[PDB]
Structures are given as structure tokens and as C-alpha cells.
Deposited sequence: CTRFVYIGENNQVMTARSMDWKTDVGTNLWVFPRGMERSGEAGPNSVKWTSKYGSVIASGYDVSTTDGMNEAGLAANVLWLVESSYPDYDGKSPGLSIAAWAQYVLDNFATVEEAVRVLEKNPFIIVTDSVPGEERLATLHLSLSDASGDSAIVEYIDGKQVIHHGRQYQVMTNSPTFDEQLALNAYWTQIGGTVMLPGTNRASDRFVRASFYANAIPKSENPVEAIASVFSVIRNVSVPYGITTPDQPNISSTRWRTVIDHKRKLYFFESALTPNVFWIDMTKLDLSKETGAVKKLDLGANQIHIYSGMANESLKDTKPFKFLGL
């Protein structure tokens, strides 16, 4: 449910995200080394591929990839509670289960441009917790991919630094517009409305110092995504599009770090991709077991708590 990209000097680029949902999302982290053979779980005409890039990802119920980054610095965030209208699936085109959407992207491409160029070819038939896809890279580039009237719609440009789960993206830009005229040190909208979150993220992302110091940038980036999270247990059924923030992620594109934080358990740590073996030859599929509401606590660089496990099967046909 909320995402933004910060761009500092000397390629110090960072993508942060909050997950908002009404319930436990059953998230564990996974490491997938390169050269994995995969199917889109969309019946006999599922798309197939062999991963080119290793990733570290956050699962949706250990049956989907909902967040993550790859060793090339591409980040993917699948946002929940979106206004989608997905296409019908005949069965005759190559199909891709939406649960694997993010994984396909993370496995196959190094940049947002690479990904967008291929996405505009015709092999994006999604199958089908409603979902849209946000992407960012180490160069600071961004894109969002939506389904509106059964059609894939892509916005692509580094100026799209902030994205929310509701409403559609051309609408999000509209709701933000009023606040481009009002200075963010004088007034900001402070509710948990997606528009309000959007505006605060946009203001704070651009106000972060751009000077090279990763510890500082990280500090400022968390503090901002925390600001834009939805407090827990507070929202009422009167506002269906808002949900409590369950967890947060921060992706350090330069240094290849994936930070994770729980709202339900005091639990914050990160995975360092530079110490992972993502090779075909010896790299293992590994899982970090967080447990329900991330009760299993880790801290610092948590790589050593990763355990060899068989990769889960994506949800599909």
C-alpha cells in the first residue's frame, strides 16, 4: 500500500515501501539464486523462463512474491487493494499467474527500462487480494504497471517517485496536484488517506539530504516510510481502501541491502545480497522464517538465520 524512491548523489538510490492489509499476510523472506527454471502456473500454456538474476524477496503466504530486489538492483513492490480490471484468459496465449508477476520481473531484468520494453510486447497475459506492480532500479528509474479495462497500462519515468495502492495512478497524480502549491513545512495533509500519504511521501522524499552517507540516508528513508505508514488497529470499515501497515521494506540499490521491519512484532533486520551465494553452481534456495506476525525476531544482518528450503509453488491453475 505505500511506496517511494529517494535519489541521492553518486547513485545512492533507495526504495521504501509499506504493506497495508486487514490481516496477516503470512510473509516470509526468500533467497532465490540464479538459473532457476520456472513456470507461470497458468495451465498448459504457462510462460516459462530461467532466472538470470538472483533475488531476495518477501512472500505473500509463501505462495506469491509481493516484494523484493535482485542482485542487479531492480526492485519490485506489488501493492494490495488496487482498482484493477484484469483481462479474460482464453488459454491460447502464454499465461502468467499474478502471484509470480513480481518474481518474473525480478528474475529476468536488470533495469526498469529493460522490463518496460519487454512488457510492451504482448506476453504479459496475467491470470487472476487485488494487485498492481511498482518498479525501481539503481539508476533511480521507476514505473508502475496497472490493469485498467482489461488492458495493461504502464507509466514509466524517474519523476514517478511516489505510488500508492489507491486509486489508479493517473488519479493519484490528480489528488496530489493541489499540494504542489503548498509548502510542506507550512501544511501537509495528515490522515491515512492514500492521497495524504502520497503527498507526505512526495514532500519528504525530496527534502531528504542528497549528500553521500548511507547510514544517514537509511535513517531518513525509514523515518519517512514510517511517517507514511497507517497506524495499527485504528482504521474502521467506513474507509475500505485504508488498512493497517503490517510491515515495511527498504531497498538499498547501491549496496544491495534489503531491510525488513514488522509492525506487529518489534523486529527489524536486513539481508545483505553481497554475502549471498546466488550462483547456479552452488547457490541454494533459502528461507528466513518470520512466523505469523513476524514473531521470530532477528536483527542486524540476518543472513546466517537463512535456512536451505525447497522453493514454494506459486499459486495458479
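Enquirer: So, counting the deposited sequence from position 1, which segments are absent from the coordinates?
Expert: Coordinates drop out only over 129 to 137.
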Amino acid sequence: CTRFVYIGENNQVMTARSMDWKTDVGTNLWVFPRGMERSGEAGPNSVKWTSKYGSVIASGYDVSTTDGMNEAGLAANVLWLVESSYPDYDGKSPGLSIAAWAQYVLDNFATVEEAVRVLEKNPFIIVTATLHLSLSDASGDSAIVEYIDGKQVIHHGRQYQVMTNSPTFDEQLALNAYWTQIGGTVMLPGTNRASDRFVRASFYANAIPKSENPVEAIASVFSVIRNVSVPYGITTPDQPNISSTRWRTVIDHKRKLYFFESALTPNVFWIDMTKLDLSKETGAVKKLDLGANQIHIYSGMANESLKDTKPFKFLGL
From here on, numbers count along this sequence of modelled residues.
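Enquirer: Report the stretch with the higher mean CA temperature factor, choosing between 71 to 79 and 208 to 216 on the basis of the entry.
Expert: Higher mean C-alpha B-factor in the PDB entry: 208 to 216.
Enquirer: Determine, for stretches 119 to 127 and 103 to 111, which one has the higher mean CA B-factor as deposited.
Expert: Comparing averages over the C-alpha atoms only gives 119 to 127.
Enquirer: From 266, 54, 283, 43, can you pick the one with the highest C-alpha B factor in the entry?
Expert: In this record, 43 carries the highest C-alpha B-factor of the candidates.
Enquirer: Take the CA temperature factors straight from the PDB entry and tell me which of 249, 262, 279, 274 peaks.
Expert: Among 249, 262, 279, 274, the highest C-alpha B-factor in the entry belongs to 279.
Enquirer: Ranking the modelled residues of this chain by C-alpha B-factor as given in the entry, is residue 167 in the lowest, middle or highest third?
Expert: Middle third by C-alpha B-factor.
Enquirer: Mind checking which third residue 133 falls in for C-alpha B-factor across the chain?
Expert: Middle third of the chain for residue 133's C-alpha B-factor.
Enquirer: Taking the chain's C-alpha temperature factors as the reference, tell me which third residue 287 falls into: lowest, middle or highest.
Expert: Tercile = highest for this residue's CA B-factor.
Enquirer: Select lowest, middle or highest to describe the third in which the CA B-factor of residue 47 falls within its chain in this entry.
Expert: Its C-alpha B-factor belongs to the highest third of this chain's values.
Enquirer: Going by what the PDB entry lists, where does residue 179 fall on CA B-factor within its chain: lowest, middle or highest third?
Expert: Within its chain, residue 179 is a lowest-third residue by C-alpha B-factor, going by the deposited values.
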